[PDB]
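Participant:
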DNA sequence: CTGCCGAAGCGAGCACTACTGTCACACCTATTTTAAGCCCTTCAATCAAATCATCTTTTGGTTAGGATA
Ligand SMILES: [Zn+2]
Ligand SMILES: [Zn+2]
């Protein structure tokens, strides 16, 4: 729910979802080709990749 | 009922209606005369009580249900000669050594290490403002009849905090203490404020420093409101006044922001007696739409004959915290009157300049702008505190 | 002294998913052995946020380098 300026969330955290998806899918591609994903639950890896994106678009 | 009690020890008390509280106080004092503003007789040595004996012994006998001789015996027994260890001709500047007090021992310990040439002085003890504004007004009476405090009138002690908080300490606060009457309205309290927020100015005038704005904030905006027990008291006497509380009620009531439902009312519709307010519990006042003030009802009591009976001074300031002047960075000793941004000459942004350090640095003899910078007139809150 | 047949109001037919008597076969767990991955706790080693002690930058007042009015 970070793509909408809901009152429950400050607008500081709102970002375009397109760049979000691009950053996340390339991050998880990096994770995949580095043997991280094999034999493990993907969901936590996707969550971590969304994390690295979300911090990367505004480390400020 | 309106029975004051401590909500927390020595920090805040329960809420009660000021009018009902004053009525209860008067009911326990009306007719007795202890709440009157006339000078009563004072205690004296037994060697001079003969003059007051005729007027005092009968009343004492009536009130104590004892005989007149018993009243005289009580008066002679309770004479001040039994209590006055100090003669009336003794100065208070020297500790009497003929004492067994631990308090005076600690006082001697304090005074002994302050008698050296490096330490001996008659400087401030811990503060100065309180006594200076007490003696200036305590026991005085007005020059006009209309400025007379009503006998038994409530006296309310209100602390107003400054907009410039230390944001480094939390025990003590920057505030000034205002004394107001129960019958007074909130309008006369609001109009008596001399906060620097009323004097704010702006405008960028690096090109023409002499074209500073003509109107101070007080001449452009007049919005001000109090806030007690969930009620906003907004000024509307002038077109410049706006009901700021409507925006707050729109923002806060749309979500569970941690505060309850509020109500809107005008500023002149209530007196201090109409309030149902706590003592010591902070409250909110605002003016100019961005200058909020913390409001603490520190004390409330009936008027006494020895108090300041002169209403021309009311609202009467009795205590005030100090703010330090914002001095410019050029000479590092003079209070700034200008602030600049994007200044190529200044080592930091923002930079504070005084008129002397500003005009000749940023302009030549003809007043032509020198270098690249933006300049704004500045009013020091530490000066107009 | 008993009996026939009208007047008006009723009615029809057309418009290029609830239990019970059984029954055998599922459900169920007695343990062995891996190979990488498991959830929760639980304390210990390392870390970093907040607070205290002290040097130092500057804001009101005294001193003797320093000065007018
Ligand atoms: Zn203010
Ligand atoms: Zn200057």
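Protein chains in written order, with the entry's author numbering: chain S, 181 to 240; chain Z, 27 to 411.
We put the beta carbon where it would ideally sit given N, CA and C, even for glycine.
#1: With a threshold of 8 Å, are at least 3 pairs of Cβ atoms found where one atom belongs to the segment 34-53 of chain Z and the other to the segment 227-237 of chain S?
#2: In three-state terms, what does DSSP make of residue 31 of chain Z?
#3: Figure out for me which residue from Z:389, Z:404 and Z:275 has the closest Cα to the Cα of residue 398 of chain Z.
#4: For residue 391 of chain Z and residue 385 of chain Z, what's the separation of their Cα atoms in angstroms?
#5: I need the residues with a C-beta less than 6 Å from some heavy atom of ligand 1; please give them in chain order.
#6: Buried or exposed: where does residue 170 of chain Z fall if 16 or more other Cβ atoms within 10 Å of its Cβ makes it buried?
#7: Just to confirm my understanding: we take residue 346 of chain Z, look at its own chain, exclude 5 residues before and 5 after, and list those with CB closer than 6 Å. What are they?
#8: If you follow the beta strand (DSSP E) that residue 235 of chain Z is in, where does it begin and where does it stop?
#9: Taking 7 Å as the cut-off, is the beta-carbon of residue 382 of chain Z closer than that to any non-hydrogen atom of ligand 2?
#10: Say yes only if the C-beta of residue 356 of chain Z is nearer than 7 Å to one or more non-hydrogen atoms of ligand 2, and no if none qualify.
#11: Under 8 Å, do residue 251 of chain Z and residue 225 of chain Z count as touching if we go by C-beta distance?
#12: How many whole angstroms separate the CB atoms of residue 404 of chain Z and residue 364 of chain Z, which I take to be in contact at a CB cut-off of 8 Å?
#13: Could you have a look at residue 305 of chain Z and say whether DSSP puts it in helix, strand or coil?
#14: Alpha carbon to alpha carbon, what distance is there between residue 247 of chain Z and residue 344 of chain Z?
#15: Alpha carbon to alpha carbon, what distance is there between residue 387 of chain Z and residue 396 of chain Z?
#16: Which residue from Z:133, Z:256 and Z:75 puts its Cα closest to that of residue 107 of chain Z?
#17: Starting from the N-terminal side, write out each stretch of the alpha helix (DSSP H) that is 4 residues or longer and does not extend beyond the segment 42-110 of chain Z.
#18: To the nearest angstrom, report how far apart residue 186 of chain S and residue 309 of chain Z are at their CA atoms.
#19: Taking only three categories from DSSP, how would you classify residue 400 of chain Z?
#20: Is it right to say residue 204 of chain S is buried, meaning 16 or more other beta carbons lie within 10 angstroms of its own, or is it exposed?
#21: Between residue 243 of chain Z and residue 268 of chain Z, which are expected to be in contact by the criterion C-beta below 8 Å, what is the C-beta distance as a whole number of angstroms?
#22: Ligand 2 heavy atoms versus the CB of residue 201 of chain Z: any closer than 7 Å?
#23: Is it true that the segment 201-220 of chain Z meets the segment 181-192 of chain Z, where meeting means three or more beta-carbon pairs spaced less than 8 Å apart?
#24: Quick check: the segment 144-159 of chain Z against the segment 41-49 of chain Z, are at least 3 beta-carbon pairs closer than 8 Å?
#25: Quick one: any contact between the segment 311-327 of chain Z and the segment 161-168 of chain Z, if contact means 3 or more CB pairs under 8 Å?
#26: Rounding to the nearest angstrom, what Cα-Cα distance links residue 30 of chain Z and residue 87 of chain Z in this structure?
#27: Just checking residue 193 of chain S against ligand 2 - is the residue's beta carbon closer than 7 Å to any of the ligand's heavy atoms?
#28: What residues in its chain sit with their C-beta under 7 Å from that of residue 51 of chain Z, if we drop five residues either side in the sequence?
#29: Is residue 389 of chain Z near ligand 2, judged by its Cβ being under 7 Å from some heavy atom?
#30: Can you say whether residue 417 of chain Z is buried or exposed, counting buried as having 16 or more other CB atoms within 10 angstroms of its CB?
#31: Can you check whether the CB of residue 306 of chain Z is closer than 8 Å to the CB of residue 290 of chain Z?
#32: Is residue 200 of chain S helix, strand or coil when you go by DSSP?
#33: I'd like to confirm something about residue 404 of chain Z: is its beta-carbon nearer than 7 Å to some heavy atom of ligand 2, or not?
#34: Using the Cα positions of residue 72 of chain Z and residue 126 of chain Z, report the straight-line distance between them to the nearest angstrom.
#35: Given residue 189 of chain S, which residues of its chain have a CB within under 8 Å of its CB, disregarding the five upstream and five downstream residues?
#36: Would you mind reading off the limits of the alpha helix (DSSP H) that contains residue 184 of chain S?
Facilitator: Answer, in terms of the structure:
#1: no
#2: coil
#3: Z:389
#4: Distance between the alpha carbons of residue 391 of chain Z and residue 385 of chain Z is about 9 Å.
#5: Z:189, Z:221, Z:223, Z:313, Z:317 and Z:319
#6: exposed
#7: 155 and 202
#8: No beta strand (DSSP E) contains residue 235 of chain Z, which DSSP labels as neither H nor E.
#9: yes
#10: yes
#11: no
#12: 5 Å
#13: coil
#14: 28 Å
#15: Using only the alpha carbons, I get a separation of about 8 Å.
#16: Z:75
#17: 44-53, 76-90 and 94-103
#18: 31 Å
#19: Here residue 400 of chain Z carries a strand assignment [DSSP, helix/strand/coil].
#20: buried
#21: Wrong, their Cβ atoms sit about 14 Å apart, outside the cutoff.
#22: no
#23: yes
#24: no
#25: no
#26: 34 Å
#27: No, ligand 2 has no heavy atom inside 7 Å of this Cβ.
#28: 328
#29: Checking the Cβ of residue 389 of chain Z against ligand 2 gives no.
#30: This structure gives no information on residue 417 of chain Z, because the portion of chain Z shown stretches from 27 to 411.
#31: In this structure, residue 306 of chain Z does not lie closer than 8 Å to residue 290 of chain Z by Cβ.
#32: helix
#33: no
#34: 26 Å
#35: 181 and 182
#36: Careful: residue 184 of chain S lies outside any alpha helix (DSSP H) and carries neither H nor E.
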